[PDB]
Amino acid sequence: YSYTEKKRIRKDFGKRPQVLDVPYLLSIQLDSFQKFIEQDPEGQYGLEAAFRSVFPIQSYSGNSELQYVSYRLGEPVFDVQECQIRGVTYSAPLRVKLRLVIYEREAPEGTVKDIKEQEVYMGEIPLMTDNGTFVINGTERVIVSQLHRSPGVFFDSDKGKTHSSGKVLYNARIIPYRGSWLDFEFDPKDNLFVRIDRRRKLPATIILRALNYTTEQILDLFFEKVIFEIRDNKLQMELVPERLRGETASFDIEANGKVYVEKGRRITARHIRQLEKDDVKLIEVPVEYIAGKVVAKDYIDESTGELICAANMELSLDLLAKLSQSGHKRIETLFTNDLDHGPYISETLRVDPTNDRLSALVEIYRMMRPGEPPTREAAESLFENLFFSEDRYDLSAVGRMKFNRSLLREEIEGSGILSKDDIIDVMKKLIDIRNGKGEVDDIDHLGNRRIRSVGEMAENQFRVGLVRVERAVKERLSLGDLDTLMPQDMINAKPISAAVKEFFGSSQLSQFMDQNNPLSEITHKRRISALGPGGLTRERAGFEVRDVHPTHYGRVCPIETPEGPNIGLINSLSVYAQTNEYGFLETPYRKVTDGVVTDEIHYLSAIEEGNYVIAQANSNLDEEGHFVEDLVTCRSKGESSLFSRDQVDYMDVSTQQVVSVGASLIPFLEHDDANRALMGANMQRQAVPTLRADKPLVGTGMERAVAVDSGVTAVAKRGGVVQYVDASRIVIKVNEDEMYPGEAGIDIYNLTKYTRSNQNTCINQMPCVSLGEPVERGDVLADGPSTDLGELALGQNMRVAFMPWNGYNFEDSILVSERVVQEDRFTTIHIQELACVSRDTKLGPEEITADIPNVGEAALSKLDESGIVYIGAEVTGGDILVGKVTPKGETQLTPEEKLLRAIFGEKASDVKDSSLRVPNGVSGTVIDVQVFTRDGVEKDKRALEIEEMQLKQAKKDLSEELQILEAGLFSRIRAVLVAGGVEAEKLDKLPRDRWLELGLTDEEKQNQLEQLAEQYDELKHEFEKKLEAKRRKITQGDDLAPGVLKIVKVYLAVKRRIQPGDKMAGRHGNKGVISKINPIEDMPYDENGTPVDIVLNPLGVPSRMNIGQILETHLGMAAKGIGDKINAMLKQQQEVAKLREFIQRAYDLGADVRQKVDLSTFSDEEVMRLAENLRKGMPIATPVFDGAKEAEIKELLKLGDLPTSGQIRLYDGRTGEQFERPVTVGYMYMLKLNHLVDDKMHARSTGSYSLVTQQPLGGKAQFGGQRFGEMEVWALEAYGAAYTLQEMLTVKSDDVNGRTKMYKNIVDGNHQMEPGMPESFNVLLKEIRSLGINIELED
Amino acid sequence: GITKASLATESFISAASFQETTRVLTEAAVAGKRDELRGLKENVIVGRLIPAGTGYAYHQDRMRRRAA
Amino acid sequence: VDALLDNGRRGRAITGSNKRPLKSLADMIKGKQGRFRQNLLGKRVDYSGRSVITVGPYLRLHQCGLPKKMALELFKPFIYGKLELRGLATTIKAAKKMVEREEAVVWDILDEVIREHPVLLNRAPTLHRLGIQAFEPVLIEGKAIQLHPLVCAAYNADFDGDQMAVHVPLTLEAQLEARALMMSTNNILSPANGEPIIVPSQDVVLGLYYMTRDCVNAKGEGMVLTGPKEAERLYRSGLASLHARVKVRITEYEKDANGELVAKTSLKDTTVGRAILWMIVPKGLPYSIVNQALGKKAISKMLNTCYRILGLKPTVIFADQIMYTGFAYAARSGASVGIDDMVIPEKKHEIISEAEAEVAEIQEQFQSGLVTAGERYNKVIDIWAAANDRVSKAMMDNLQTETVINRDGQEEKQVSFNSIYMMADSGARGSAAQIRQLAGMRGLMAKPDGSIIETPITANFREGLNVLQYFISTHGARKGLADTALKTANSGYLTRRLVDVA
RNA sequence: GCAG
Ligand code: 118
Ligand SMILES: [Mg+2]
Ligand SMILES: [Mg+2]
C-alpha cells in the first residue's frame, strides 16, 4: 500500500491482474519538447539538428563562412507565475555561439585569414512548464499533437467513380516532408500520367525523359523482350514458356516434334510444363504473329544508313521485310501479354509529344511556369530544384523509411531527395498494382498516419526562421565590409523569434488550455488532431477519415471525440499508447511464447499488429499462464475471429487499453451505448470544481492516476515527516535515507491558493496531510481543485430516485432537492479579472481617481482615496471598482440645455466618467488588486501600498524559507555532532552559529561538517541575492502596451450556487438542466424518512441505452449501505474488533477479485482512521470492461442490509402516501457542468449599434442583440406575420430614424411604427453603385 | 430544378440574394432589368411588408391605388 | 481595378499584410457573408434576449415563464412609459434611475406592462414555422425560460442545455399577430400533415397509459360505481386500485345532427382509471375513446378527435388537462427503471450455443471445400440473423406477458407491468428495437465500409459488452454520429433552395 | 475549442 492509500482504500472489483501500470499520462508533451530543447551531440533532434541543417553558411563566392559551434538557453527572466501575472511569455533566451571565418584572397585552400567567434542572441524560445503547458502572453496554452499523413509513397485508387464505366483508376503519390508533391496516375485509356503539385498532368514518360533515359532505356526498364531471331528461314522465335500462361494461340505449336496445342485452343499450365519438359526454347510461328508487335530497340540500316525502325514502333510484315534486308537477323520485341503485362508505358511513349531530354525539360517548364519562354539553362535548373536538391525537397527520415518500406527495400535509411531509382520504382509498383499483383494503401490506416508533436512542430518553425535569417546573412556576407564585422552584426533575431512567436501564439494547434478540472487539462494534453497546418480542414474532411479504423485499437480512443463538425478529427490518445521514434502510434502487448502468456510487453505499431494474432484482454487464463479455453477470441488482420490457443502470438496488456484516459473513468462503460459513452467522456471535462471535493463512491481506479499525473496536486518528491503544515505551505522533514550529504533535508511545498483558471474557475490547493504525519515519495500532500485525498473528484455523490415526478423532470430535466443547496454541494467559486486601463488620449490623459462626476458619495464609499476598490469589498453589479475619468471636449450644448444650465448654474464637467464597474448580475468579493504603472508615471498611494506589501511579502517568504532551511541544517549538524564526541549536555547552550566552525575529531565526520557549513554559508549568500532580485523585480516599472499609463486589475470571487437552469450531468451521458429546487419536505422519502436528493426521469434510460447509469446507482447504494453501516458502528462506539471484522468482510467480498486487503496488518489507529474515512460510503472501484458483475453488486447490497433489487419503496413527500411501485434509489455521481445559466441569460432592449450597417452588435459581451436569422424570417413569412416581420427588419434593427421614433413612441404609450428603409439596404445600393452598376429606385 | 428555377425568376433581387450574385447582377445590369418587388424576399430586403398575410391587404390597396 | 471590383476572379487574389486575400466590392455583397444574406435577409434585433429553457409544467398552453430579470430589460421603454404615465417618475431619466435601482414599484409596473403582451420564443434551427411561437409571459424568479411541455415537440426542444431567444412584439399590429396568428393555442395542428403537433409525450403518455390499464385481481375489482367521481374517491381513499376492472355508470353526450349535445347513460365495463380519466374528457366525445390502454397514438387520436368534433377552444383545455393528469398519475405510479426490469430470456444461452454449433458446422464444411468463402459467409450471416430473431422473440415473449397472476386462485397471464415494457409499449420512450439491445442480444454490426461483421455482438447492455464487442459497436456509432453531423448541412441547403424556389 |  502506502500511507496515503490506506487512509481510504477503494474496494477493487476488478478481476484481471494487471501487468503494466498506467504510464506517465503526459509523456507525449514532455518527451517531445525535451527532444526539442535538449543538447543532442548526435545532431538529430531539436535545435541542434535545426542548426546543423542550416549552418555552415558559405558566401556566394565562398570567400567567407558563418559556422556554428554550440547553442545554450539562458535562464528565464521571469518564472512561470510572474509570466502569468505580468502577461508575458515564459521563455528562455537562445544564445548561439557562431564563428565567422574569413579565408584569404589568394590561397590554394582559402586558408584562414581570420576567425571571429562570439555568442549571438537569436530569439527567445518558449519553455514547457513542468506540466506540459506553455505560458504564452500570460495564458496557459497547450500545443496539441497533430495526426498527419506520413511522408512516403501512397498508392490509392478511385473505385470506378469516373467515366461511368466503373473502371478503377490507380494513382501513386509521393508526399515529402517538404517540397513538391509528385503524383502518377492512370487515365481511363490506361495511360500513365504525372502531376507535379497537383497542376495539370503530363504523360508520365516526360518525367522519364527529363531524367536522362532514352526511349530505348525506358523500354528496357519497364519491359522484357520476346526475341525474334532469323535463323535459316521462317522467323524462329525464342521462347520462354511461362510467357504463354493463359492465352488462346492463333496457331498450333510444333517444336522439333509433337504438336502441343492446336489452333485456337486455350493454353493451360499443363502446356507450359509440357513445353518446359520438352525444354522448348524455339518456335516458328506464322509471319502475321508480328502484326501488332512493338519493337524494343533502335534498328537502323548499315547499307543506306536509313533508320528502319526506332524503338516503340509497331511492326508489320512490310517493315519486317525492309528490316530483314539489312542483315538484321535479330529482332528484339516487347513482351506485352494482356491482363498481366500491359502496354501502359509503351502506350504513353506515343502520347507524349516529346522526343528528347531537353524538350521534356521544356515541357515540364511550360507546365510549371506557364506563359514564360523556357530557356535551356532555366528549364534544366527548375527540374533539379524540384525533387533533387536538399534545399528544396526533404522526404526526411520517416519519408525514406515509409518509402523503402512501400517499395519493399531492406534499407530504412537513405537520402532525403528523390532519385531516378525511386521514381522508376514508384512507376513500377503503380504498374504492378494495375496488373493486379499489388494492393493500394489504406490512407486512414494508422501505419500511414503519424503523430507530429510539440517538439517537432516547434523545430519546424524554428528552422523556417533559420532559413529566413540565413538568406539575409548570405546576402550580407557577399559584401565588401568583410574585415571589420562580427557575427552578431549580421544576425537578425527578429525573424527567428517571430517564427516561433507566431507558432506558439497563433497556430491552430496552439490552443487556450481547458482548465476546468484536472481531467480537462490532462485530456487536452493527450489530444490528437487531424486538423492544423499541414492537415485536414473540418469542412473538407470526408466521411472516411472521420471513422474509427481497426488500427485505432489501443492507439486512439474510439469514443472520446467531439460531437459537432469536427468529429473523428479531434481524437484522444489511449491509455497506454506511445509513439514510435518515427511518430507512428504503438501500443503494448504481452508475448505468448508457447501458450503461456509471458509478462514481457512489446510495443507494436499498427502494421506489426496486423501480422500477429492477438488475444483479447477478457480472454481468461489460469495462474500458469495458459489459456483456460482452447478457442480464443483474437484479432488477426483487423478481422476478428476465433483461433486456437497455439496460434495466439500476443495479448492485450489491459482491459482498459482501448479507451482514453477520460473514458477510463466511466464506471460500467461496457453497459453504455457508445454515443452515451462519448457524451459522458466529453461532459466529464466540462465539470467545474465544487467547494468541497467528494470522491466517487463508484470509481474505476484511474482517479488516482489522473489526479497525480496532472500537476494540480502537490506530490511529495522525497519521503519524510510533515514538520509543519498550514493552509498555504507544507514543510516535510526528509528521511535521512533520501537526503543528500550537505543539505538541509527539508522540502517546502508552497500551495496555490485561489488563482484563476482559464475558465475563470478557482484552482486552489488544500493541505491533505496533517502535522507530524509520515509521508512517502509519491504521496499526495495537497488536494488541488477537484481532487479528494489524491483521487480525482469532479462531482458529488447525490441520492437519486428514478421516477417521473409531477412533470418536473420531463425531457431530461432534473429535479433537485433544497438540501443540495443548503449543503452547498454544487456551489462553485468563479474568479473574474477585470482590468481598467488608464491610457493617454489626445485630449489629455485619463486618470484613475475617486472624484468622479455625476456620481453620489454612496457609490464611492468602497473606493479608497486612490480611486480603487478596497480588497475584501463585497460588491454587486453596478458598483464602481476603479474610478476613472476621461478628459473631453467638443461640449456643444443644445439651446435648451444652455437655458437649463443658465437657470440653475450647475455647470458641465470637463471630464467624463469612464469608471470600471462590476458587470450586471455579478456579485462577489474583491480578493486581489494589481496595479501596473508605466515607468515615468508617478504611482498613486495604492500602487505604493501594494508595492510595499509585495516587498514585505517577498522579504517575509524568503526569510521564512531561510529560517526553515537553517533550522533543518542545525538539526542535521546536531545529529552529526552527537554521532561522535557527544555534547548532549553542552550542545544546546552554545550559540548555534559556532557549531559551523566547531572542529571535531576528524575521522571522516569533519568532512560532512565542512559540507554542512558550506551549505549554510551558501544559503546565507543565496537568500540575499534572491531577495535583491525580488526587490528589483517588484519595484521596476512595467513594460505596458504603447499608449497606456496604468492598468488596474481587480479580481472578483463569485460563489455561484446551484439554481434552475444550471446543467448537471453524470458520467454516462445523462446530462440535464435543473428544473426546480424542491423543498425538503416535498421530496420523495423512504420508510426511514431520508428524502431523495435528486429525482431523475426513468424514461431517459431505455431509449438512449446507457444502462451503466442504473448499475452505478445500484452499486452506489451498496457502497453507501456499507458506509452507513460503519457509521452506525462509530456512533454506538463499537470496539475496533467489530469494526475490523465488518470492514474485512466488506473488502473480501467479490468473486475472485485481484486485490486482498488484509487489515489484520493494520494497527488500531489505522483501522479507526480508515473506518472514519469510510463512514460516508465505502468507495468502490469498477475498472472499465472488467468491472463488478451484477451478482457482486447484489452481494454487496445484501451485506449492507439493503434490498438486492436496488429498488426500495418511496413515499410521496407531499401527500405522504406511497408510490405504487418500487423505485430505483441509489447514489449517482452528479457533475455540475460549466454551462451555468448565469452566463447564458441575456436581454437587451436598446444598445450599441454596428458601425457600417446600423444593426445591433453581436454578443452578450457587447450587450448583444439576437440574430433574427434567415430561417426565422421564413417562419414569420409562413404565418402571415407581415407586421411583426416588418418591425424585425426596420425599427428593431436597421431603421436609424425609425428606431428612435419607435423608442419615443413606446415611451409615449403609442405602440405604432414609422418604418423607413433599412440602412443595410442603402449600404448595399451604395456598394453596387461602386461596382459601376447603376442600381436605382424607381418612383 | 429548384436551383435553376430560383435563378430564373423575373426578379434580380430574389435571384441575386439566393446565390450566384455575380451572374445575376451582371445579366440584370446589361439587360437593364426592373424588379417590381412582387415576391417576399424583395419585400423583406427593402424593409416593406411582405405581400402575403396581414401585409396582403396593404399590397392589394397599393395595386388598386396606383394602377388607377 | 479588377482586384477592387472582384478580387481573385482573374488569376491570383491580392493579399494584404496577412497573406489573406482582400475583401473586394463584390465580396461585400456576395455569399454567406455578403450584405444580402448576413444583413438584409436576416439581421440582429433589439428587444431580444436569450436563456436556457426549463420545464415549468404548471403552465397553460398559451404561456411561457419569463424571468423578471429578462423582462425588466426587454420591456424597458414600456416601463419608462408607464412610470411617467402613472406619475411615479417626473422624467425619463428619473425612470431610468428607478429601474436601475430596481425599486419595489417597478415590479408592479412590470407586472402591468407584460399583462396581455405576448412574446415570441424561438429555438434555432427554426426548421419550420412552429419554431417561433408567441406565449403570454408569466414572470418567474429564475434565470431560465420556463417552456410549457406540450410545445417542446414542436420546437424539437429537450431540456439538456437548449436555449431559446425571446423577442418582443412592439407595435399593436405585431401584438395582435402574436395573439392571433402565432400564439401557441392557435398552432395545435401541424402545417405539414394535419396531425396534432401539440401532443403528449414521454411522461404524460406513460401516466395516461398506466392509468388506463387493467390488472386482473386488482384491489376493489368488480364493484359497481355511480360515476367517475366515485372512482376518484375510491382511488384516493385507497379502496380501489387504479386498474381495478369495475362497472361504472358513465353519462356521455353525442353531437346531434343539428349540432347540439344529447346525453346517454349506461353502466360501462371499465377500470377505475379510465373512469377517473373520463372526468377531464370534453363532452361531445364517446366513452370508447378512453376505454382502452392509451398509448401515444391513442392520445394523439383522442386530441385529433376532440379537434375535429368540438373545435380549437375545447381541445386546448383538453390538452392541458391531459398534461396535468398524465404528469400527476405518472408521479403516483413511481414507474422506475431497475436492473431487474431488463429480464433476459433463459433460452438466450441455448439459442446462442445452437447458433455457434451451426456456424462451426458451416466452417468445418468450408474446410471440406463444398462451399466457397462467399456462400460460407452468407450462410453464417443468415444463421446468426435467425439466432438474433429467435433471441428477440424469446425476450419479448418473456417480457410482454411475464405477469401471471391469480384470479380466484387460478393463474392467468396478462400484459406485463414491467417498466421497460410499459415504456416501450406506451410509446413513451424507446421501441422494441432498443429493448432488444437491453435484454436480447445486440446483434450483428457493420464495419465502417458497410460490410457486416460475420460474428455478432452476442451480448447486451444488461450484461457487459467485452472490449472487442465494444470496439465493434463504436464502428457504427461514430458512423451514425458523423452522418448526423454532416447531413444537417445537407438538409439545410435543400431547405434553403426550396424556400427560394417557392 | 465548445453548446443544442
Ligand atoms: C466546404 C467544403 C466542404 C463542406 Sb461539407 C461539411 C459541412 C458542415 C460540417 C461538416 C462538413 C463535406 C465535404 C466533403 C466530405 C464531407 C463533408 C457538405 C457538402 C455538401 C452538403 C453538405 C455539407 C463545406 C464547406
Ligand atoms: Mg437539447
Ligand atoms: Mg472553433
# chains A, B, ... in the order shown; residues from 1 in each chain; ligands from 1

$ residues_near_ligand --ligand "ligand 3" --cutoff "10 Å" --atoms "only C-alpha atoms (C1' of nucleotides) and all ligand atoms" --output "ChimeraX atom specification"
/A:508,565-566 /D:1-2

$ residues_near_ligand --ligand "ligand 2" --cutoff "7 Å" --atoms "only C-alpha atoms (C1' of nucleotides) and all ligand atoms" --output "ChimeraX atom specification"
/C:157-162 /D:4

$ residues_near_ligand --ligand "ligand 1" --cutoff "10 Å" --atoms "only C-alpha atoms (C1' of nucleotides) and all ligand atoms" --output "PDB file with N, CA and C atoms, in the first residue's frame"
ATOM      1  N   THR A 537      -9.024  19.971 -43.106  1.00  0.00           N
ATOM      2  CA  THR A 537      -9.931  21.051 -42.766  1.00  0.00           C
ATOM      3  C   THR A 537     -11.258  20.416 -42.406  1.00  0.00           C
ATOM      4  N   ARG A 538     -11.917  20.911 -41.363  1.00  0.00           N
ATOM      5  CA  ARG A 538     -13.071  20.181 -40.860  1.00  0.00           C
ATOM      6  C   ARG A 538     -14.248  20.197 -41.818  1.00  0.00           C
ATOM      7  N   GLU A 539     -14.264  21.092 -42.797  1.00  0.00           N
ATOM      8  CA  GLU A 539     -15.313  21.049 -43.803  1.00  0.00           C
ATOM      9  C   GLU A 539     -14.985  20.076 -44.919  1.00  0.00           C
ATOM     10  N   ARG A 540     -13.753  20.086 -45.402  1.00  0.00           N
ATOM     11  CA  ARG A 540     -13.356  19.228 -46.498  1.00  0.00           C
ATOM     12  C   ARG A 540     -12.949  17.838 -46.052  1.00  0.00           C
ATOM     13  N   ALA A 541     -12.932  17.564 -44.755  1.00  0.00           N
ATOM     14  CA  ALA A 541     -12.586  16.239 -44.273  1.00  0.00           C
ATOM     15  C   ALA A 541     -13.788  15.325 -44.413  1.00  0.00           C
ATOM     16  N   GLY A 542     -13.591  14.193 -45.069  1.00  0.00           N
ATOM     17  CA  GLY A 542     -14.680  13.378 -45.558  1.00  0.00           C
ATOM     18  C   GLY A 542     -15.345  12.535 -44.499  1.00  0.00           C
ATOM     19  N   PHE A 543     -16.006  11.476 -44.959  1.00  0.00           N
ATOM     20  CA  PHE A 543     -16.608  10.515 -44.049  1.00  0.00           C
ATOM     21  C   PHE A 543     -15.623   9.465 -43.589  1.00  0.00           C
ATOM     22  N   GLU A 544     -14.617   9.164 -44.399  1.00  0.00           N
ATOM     23  CA  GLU A 544     -13.762   8.020 -44.132  1.00  0.00           C
ATOM     24  C   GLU A 544     -12.623   8.354 -43.200  1.00  0.00           C
ATOM     25  N   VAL A 545     -12.173   9.601 -43.179  1.00  0.00           N
ATOM     26  CA  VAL A 545     -11.169   9.967 -42.198  1.00  0.00           C
ATOM     27  C   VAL A 545     -11.793  10.167 -40.830  1.00  0.00           C
ATOM     28  N   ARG A 546     -13.093  10.390 -40.769  1.00  0.00           N
ATOM     29  CA  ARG A 546     -13.792  10.564 -39.515  1.00  0.00           C
ATOM     30  C   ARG A 546     -14.162   9.255 -38.859  1.00  0.00           C
ATOM     31  N   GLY A 564     -19.656  17.762 -32.796  1.00  0.00           N
ATOM     32  CA  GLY A 564     -20.121  18.662 -33.812  1.00  0.00           C
ATOM     33  C   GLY A 564     -19.410  18.469 -35.126  1.00  0.00           C
ATOM     34  N   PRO A 565     -19.024  19.573 -35.757  1.00  0.00           N
ATOM     35  CA  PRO A 565     -18.461  19.486 -37.100  1.00  0.00           C
ATOM     36  C   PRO A 565     -17.091  18.862 -37.164  1.00  0.00           C
ATOM     37  N   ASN A 566     -16.309  18.854 -36.097  1.00  0.00           N
ATOM     38  CA  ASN A 566     -15.056  18.116 -36.130  1.00  0.00           C
ATOM     39  C   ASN A 566     -15.165  16.932 -35.193  1.00  0.00           C
ATOM     40  N   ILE A 567     -15.783  15.882 -35.699  1.00  0.00           N
ATOM     41  CA  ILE A 567     -15.933  14.609 -35.023  1.00  0.00           C
ATOM     42  C   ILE A 567     -15.024  13.643 -35.747  1.00  0.00           C
TER      43      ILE A 567
ATOM     44  N   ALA C 482     -21.388  10.870 -37.119  1.00  0.00           N
ATOM     45  CA  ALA C 482     -20.834  11.715 -38.162  1.00  0.00           C
ATOM     46  C   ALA C 482     -21.845  11.954 -39.265  1.00  0.00           C
ATOM     47  N   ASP C 483     -22.653  10.948 -39.585  1.00  0.00           N
ATOM     48  CA  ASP C 483     -23.743  11.134 -40.528  1.00  0.00           C
ATOM     49  C   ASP C 483     -24.686  12.224 -40.053  1.00  0.00           C
ATOM     50  N   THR C 484     -25.064  12.178 -38.777  1.00  0.00           N
ATOM     51  CA  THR C 484     -25.891  13.224 -38.188  1.00  0.00           C
ATOM     52  C   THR C 484     -25.231  14.589 -38.284  1.00  0.00           C
ATOM     53  N   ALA C 485     -23.922  14.649 -38.068  1.00  0.00           N
ATOM     54  CA  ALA C 485     -23.232  15.932 -38.060  1.00  0.00           C
ATOM     55  C   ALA C 485     -23.107  16.534 -39.448  1.00  0.00           C
ATOM     56  N   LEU C 486     -22.946  15.710 -40.473  1.00  0.00           N
ATOM     57  CA  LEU C 486     -22.707  16.227 -41.813  1.00  0.00           C
ATOM     58  C   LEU C 486     -23.945  16.214 -42.690  1.00  0.00           C
ATOM     59  N   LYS C 487     -25.069  15.688 -42.217  1.00  0.00           N
ATOM     60  CA  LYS C 487     -26.276  15.748 -43.021  1.00  0.00           C
ATOM     61  C   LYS C 487     -27.189  16.896 -42.651  1.00  0.00           C
ATOM     62  N   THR C 488     -26.973  17.553 -41.519  1.00  0.00           N
ATOM     63  CA  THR C 488     -27.751  18.749 -41.255  1.00  0.00           C
ATOM     64  C   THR C 488     -27.388  19.872 -42.203  1.00  0.00           C
ATOM     65  N   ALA C 489     -26.125  19.996 -42.572  1.00  0.00           N
ATOM     66  CA  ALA C 489     -25.739  20.940 -43.602  1.00  0.00           C
ATOM     67  C   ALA C 489     -26.215  20.528 -44.978  1.00  0.00           C
ATOM     68  N   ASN C 490     -26.520  19.260 -45.179  1.00  0.00           N
ATOM     69  CA  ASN C 490     -27.040  18.821 -46.461  1.00  0.00           C
ATOM     70  C   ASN C 490     -28.532  19.047 -46.548  1.00  0.00           C
ATOM     71  N   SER C 491     -29.211  18.998 -45.415  1.00  0.00           N
ATOM     72  CA  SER C 491     -30.645  19.216 -45.381  1.00  0.00           C
ATOM     73  C   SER C 491     -30.990  20.688 -45.319  1.00  0.00           C
ATOM     74  N   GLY C 492     -30.188  21.483 -44.618  1.00  0.00           N
ATOM     75  CA  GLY C 492     -30.473  22.900 -44.533  1.00  0.00           C
ATOM     76  C   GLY C 492     -30.312  23.592 -45.863  1.00  0.00           C
ATOM     77  N   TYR C 493     -29.382  23.115 -46.681  1.00  0.00           N
ATOM     78  CA  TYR C 493     -29.196  23.678 -48.008  1.00  0.00           C
ATOM     79  C   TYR C 493     -30.334  23.293 -48.938  1.00  0.00           C
ATOM     80  N   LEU C 494     -30.845  22.075 -48.829  1.00  0.00           N
ATOM     81  CA  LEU C 494     -32.042  21.741 -49.580  1.00  0.00           C
ATOM     82  C   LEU C 494     -33.201  22.613 -49.158  1.00  0.00           C
TER      83      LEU C 494
END

$ residues_around --residues "residue 30 (chain B)" --least-positions-apart "6" --cutoff "12 Å" --atoms "only C-alpha atoms (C1' of nucleotides)" --output "PyMOL selection string"
(chain A and resi 1332-1335) or (chain B and resi 23-24)

$ atom_distance --atom1 "CA of residue 1217 (chain A)" --atom2 "CA of residue 325 (chain C)"
17.7 Å

$ residues_around --residues "region 9-21 of chain B" --least-positions-apart "6" --cutoff "12 Å" --atoms "only C-alpha atoms (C1' of nucleotides)" --output "PyMOL selection string"
(chain A and resi 1270+1321+1324-1325+1328+1335) or (chain B and resi 2-3+27-29+31-46) or (chain C and resi 6+26-42+493+496-502)
